[PDB]
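Colleague: quick one: initial chain(s) of a complex, as found there:
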Amino acid sequence: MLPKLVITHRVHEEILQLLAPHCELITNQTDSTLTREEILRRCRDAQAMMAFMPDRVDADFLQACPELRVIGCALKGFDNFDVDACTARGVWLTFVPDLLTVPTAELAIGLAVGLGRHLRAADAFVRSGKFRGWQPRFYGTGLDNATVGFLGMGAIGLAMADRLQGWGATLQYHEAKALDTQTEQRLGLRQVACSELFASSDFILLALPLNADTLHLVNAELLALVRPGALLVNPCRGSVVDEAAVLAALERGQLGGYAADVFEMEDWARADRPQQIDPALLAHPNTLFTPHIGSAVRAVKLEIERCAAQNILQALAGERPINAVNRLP
């Protein structure tokens, strides 16, 4: 008789124990992600859903789950969940606004450094047993005296700026909403126009959501403006960049490197989503890739899961979930 909650991926033992009194659990305690079908099947008369990165919820989905009251997302960017369609069908949609920030900021910064210093080739060369003593090659680019620019200055943007405080860089940024003047002053951050951002940054760090307006914002037009050698890092969504324009920009040698933790192929809500990452991109030596491990820190997963849990519980208790993304009664 208790509400039914479908949890699409493994969560911690302790999280289940927190949910179990209040709802019956349709869980997936394995490593794999299940087909769309199998998940739709489970959700038919499900009253709650814990959704993770590979899930996409559209109107067709919601349509076949008439009893849903809350979809609790263990994530920040809800771009593959049609918020409106949720609101239309009376479904609460919740996110995790803070817990993913830091491990992701930490990673973005490591990518910057990894890319600026040719960490892949350097590591491969040492491993191939060919390294036999100090040599004047592998010249790299560090952050000291570099100008670093951010596209976006929300949670992840500020966590990055914070961590770059002691590093001797000129920090500058472009965003939709300006930062208050106190914060700018504190973090040594200068508000520039988007094209100046691309024209004058030695490192470009991406920190914005994927939505209608950001889709492919970082395109050939913007990449054309960059200092030869400029370094681009994408910790957020594959589709805010045009991967092909990024590839063309590396090939001509204008853009010095592209590191990324996210890919256009992950962005389900897009009708023309690439099925894979272009092999020519994987093959380009001036790159660095991680398979969406932005928040793949063990202690954090437990918290993220819990945040999503608590939200779900509140919804099912008839309260406004503390982290709803959308608005209802």
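Modeller: In hand now; what should we look at? Numbering: from 1, shown residues only, chains lettered A, B, ... in the order given.

Colleague: excluding its backbone neighbours, what's nearest residue A:160?
Modeller: Spatially, and ignoring its direct neighbours in sequence, residue A:160 is nearest to residue A:105 (4.8 Å; CB to CB, 6 or more residues apart in numbering). The way it works is simple: take the backbone N, C-alpha and C, and place the C-beta from them, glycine included.

Colleague: could you do residue A:114 as well?
Modeller: Nearest non-adjacent residue to residue A:114 (CB to CB, 6+ apart): residue A:288, at 5.1 Å.

Colleague: what is the burial count for that neighbour?
Modeller: 20 (other CB atoms under 10 Å).

Colleague: hang on, it is in a helix, isn't it?
Modeller: No: the assignment for residue A:288 (DSSP: H, G, I helix; E, B strand; the rest coil) gives strand, which keeps it out of a helix.

Colleague: now do the contacts for it.
Modeller: Residue A:288 makes contact with A:111, A:114, A:115, A:119, A:120, A:257, A:258, A:259, A:260, according to CB atoms under 8 Å, 6 or more residues apart in numbering.

Colleague: give me the buried subset of those.
Modeller: A:111, A:114, A:115, A:119, A:120, A:257, A:258, A:259, A:260 (16 or more other CB atoms under 10 Å).

Colleague: is the last one in contact with residue A:293, as I believe?
Modeller: In this case it means residue A:260. No: if you go by CB atoms under 8 Å, residue A:260 and residue A:293 don't touch, sitting 11.5 Å apart.

Colleague: can you list the domain ranges for chain A.
Modeller: Chain A breaks down by curated CATH domains into domains covering A:1-97+A:295-329, A:98-294.

Colleague: if we can go back for a sec, of the contacts of residue A:288, which is the nearest to residue A:171?
Modeller: Residue A:171 lies nearest to residue A:111 out of those, by CB to CB, at 17.0 Å.

Colleague: may I have the phi/psi pair for the closest one?
Modeller: The phi/psi pair for residue A:111 (degrees, to the nearest 10) reads phi -70, psi -40.

Colleague: for the residue lying closest to it once chain neighbours are set aside, give me its contacts.
Modeller: The shortest distance from residue A:111 to any non-neighbouring residue, by CB to CB, 6+ apart, is to residue A:259 (3.9 Å). Residue A:259 is in contact with A:111, A:112, A:114, A:115, A:231, A:232, A:233, A:234, A:287, A:288, A:289, counting by CB under 8 Å, 6+ apart.

Colleague: same thing but at 6 Å, please
Modeller: Residues near residue A:259 by CB atoms under 6 Å, 6 or more residues apart in numbering: A:111, A:115, A:233, A:288.

Colleague: any chance of those in a markdown table, plus distance to residue A:138?
Modeller: Converted to a markdown table, the contacts of residue A:259 look like this (distance: CB to CB, whole Å):
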| residue | distance to residue A:138 |
| --- | --- |
| A:111 | 18 |
| A:115 | 13 |
| A:233 | 20 |
| A:288 | 15 |
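
Colleague: for those, which two are the farthest from each other?
Modeller: Across the contacts of residue A:259, no pair lies farther apart than A:233 and A:288, at 8.6 Å, counting by CB to CB.

Colleague: please enumerate the shared neighbours of those two.
Modeller: A:111, A:259.

Colleague: thinking again about what came up before, from the buried ones among the contacts of residue A:288, which land in strands?
Modeller: A:257, A:258, A:259, A:260 (DSSP state E).

Colleague: got those as CSV, with distance to residue A:158 columns?
Modeller: Shown next, in CSV, are those (distance: CB to CB, whole Å):
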residue, distance to residue A:158
A:257, 24
A:258, 23
A:259, 20
A:260, 21
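
Colleague: append chain B to the structure above:
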Amino acid sequence: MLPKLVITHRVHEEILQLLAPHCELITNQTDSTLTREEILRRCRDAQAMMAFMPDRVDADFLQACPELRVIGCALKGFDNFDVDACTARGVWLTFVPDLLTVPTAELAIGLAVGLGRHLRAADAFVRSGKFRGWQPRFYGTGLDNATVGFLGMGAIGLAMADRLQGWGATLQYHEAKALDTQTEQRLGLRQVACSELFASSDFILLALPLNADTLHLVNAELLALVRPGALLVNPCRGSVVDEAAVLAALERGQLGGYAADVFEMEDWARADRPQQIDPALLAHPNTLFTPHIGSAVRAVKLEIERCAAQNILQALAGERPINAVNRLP
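Modeller: Now chain B, sitting on the chains shown earlier:
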């Protein structure tokens, strides 16, 4: 007749044009490093030597070079130069106290983050073409909430601590000489003893020089104290650790990982150094290596050459050189 100066490695054109007006230069504007035998032959009657990391200067070297008045080092770690022997024969020995610090500090943080997040493997996974989007695995270790222990707290250790300022980590160190109270509380650094450092740190960042006191300091004994999963980062000298001990600790699962820019094989002065990095260590998944690129940033390399050149010039003009390592009666 102009004092004769032997440069053992390629230097920037600009550095030749500063030196040549004071000295007759015996240069090596090739890509190679030269034989000990060849360098001795050149130094037979030189009054100065500009030296780099492949150079090693013992008593027999000085004995074969009676005219030598200064050896100017394009580096910070003089472990391959016998200073007392230098002092004894009236030979200044200078070095470069700051130019190398920051690029090396940036690298070490990068290796820390890189190693913690399993970056080598992550990038392999993506590049293999079988990335199918996010998964509940690959999981790693962040700096937020971790304890980070430094062994050494001079130029480099401070730069690392500087660069960790906004990172949510508890910072500790053990040095041969304590930091002053102000710098301590400015950076949030607690002094602890060596063994306690290794027992209670999630990351251990090496930041000390190579000498008889520190040779093989990081040995089986010390490594047996670490929390399982602890991460070691060596950006200073290979031989401050026992690489076989490091390997064994990795192989038994106690040490979480090892990352280094330096290796026992490069430590020329060491009669018994291994001749290569152990293939079992290069094959170990829990590592990350860079081939001594600590200061491989072009803008900086020119500066390093300039620092040594000026030091060399001051000596020949009979001043005490600003960055002397010894002092002359």
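
Colleague: same question on the contacts of residue A:288, but now with chain B added
Modeller: A:111, A:114, A:115, A:259, B:123 (CB atoms under 6 Å, 6 or more residues apart in numbering or on different chains).

Colleague: just to check, the third one is in contact with residue A:256?
Modeller: What that stands for is residue A:115. No: counting by CB atoms under 6 Å, no contact exists between residue A:115 and residue A:256, whose distance comes to 8.2 Å.

Colleague: which neighbours do those two have in common?
Modeller: In contact with both residue A:115 and residue A:256: residue A:231, using CB under 6 Å, 6+ apart.

Colleague: enumerate the residues of the stretch 201-329 of chain A near chain B.
Modeller: A:266, A:282, A:288, A:289, A:290, A:291, A:292, A:293, A:296, A:297, A:298 (CB under 6 Å from any CB of the partner chain).

Colleague: then the stretch 51-200 of chain A?
Modeller: By the criterion of CB under 6 Å from any CB, the positions of the stretch 51-200 of chain A lying close to chain B are A:53-54, A:102-103, A:106, A:110, A:113-114, A:122-123, A:125-127, A:131, A:133-134, A:138-140, A:142, A:144, A:162-163, A:165-167.

Colleague: hang on, the earlier thing: from the contacts of residue A:288, which is closest to residue B:198?
Modeller: residue A:114 (26.7 Å).

Colleague: so who does that closest one touch?
Modeller: Applying CB under 6 Å, 6+ apart to residue A:114 gives the contacts A:288, B:110, B:114.

Colleague: how does it look with 8 Å?
Modeller: Applying CB atoms under 8 Å, 6 or more residues apart in numbering or on different chains, we find residue A:114 in contact with A:120, A:259, A:288, B:110, B:113, B:114, B:119.

Colleague: show me what contacts the residue of the stretch 201-329 of chain A at minimum distance from chain B?
Modeller: Proximity of the stretch 201-329 of chain A to chain B (CB to the nearest CB) peaks at residue A:289, 3.7 Å away. When contacts are counted by CB under 8 Å, 6+ apart, residue A:289 touches A:259, A:260, A:261, A:282, B:122, B:123, B:126, B:127.

Colleague: what's the closest of those to residue B:157?
Modeller: Using CB to CB, the contacts of residue A:289 come closest to residue B:157 at residue A:259, 27.2 Å.

Colleague: farthest pair in the contacts of residue A:114?
Modeller: Using CB to CB for every pair in the contacts of residue A:114, the one that comes out farthest apart is A:120 and B:113, at 14.5 Å.

Colleague: mind listing the strands for the stretch 51-200 of chain A?
Modeller: A:70-73, A:92-94, A:147-151, A:170-174, A:189-191 (DSSP state E, counting those that start in this stretch).

Colleague: not counting its neighbours along the chain, what's nearest residue A:240?
Modeller: Closest residue in space to residue A:240, ignoring its immediate chain neighbours: residue A:214 at 4.8 Å, by CB to CB, 6 or more residues apart in numbering or on different chains.

Colleague: what do you get for residue A:22?
Modeller: residue A:313 (5.9 Å).

Colleague: from residue A:235, how far out is the residue of the stretch 201-329 of chain A closest to chain B?
Modeller: 12 Å (CB to CB, to the nearest Å).

Colleague: before we move on, what about residue A:255?
Modeller: 17 Å.

Colleague: helices of chain A, start to end?
Modeller: A:13-19, A:36-43, A:59-64, A:83-88, A:101-116, A:119-127, A:155-163, A:181-187, A:194-200, A:220-224, A:243-251, A:279-283, A:298-315 (DSSP state H).

Colleague: just these: most buried one?
Modeller: helix A:101-116 (a mean of 27; mean count of other CB atoms under 10 Å in any protein chain shown).
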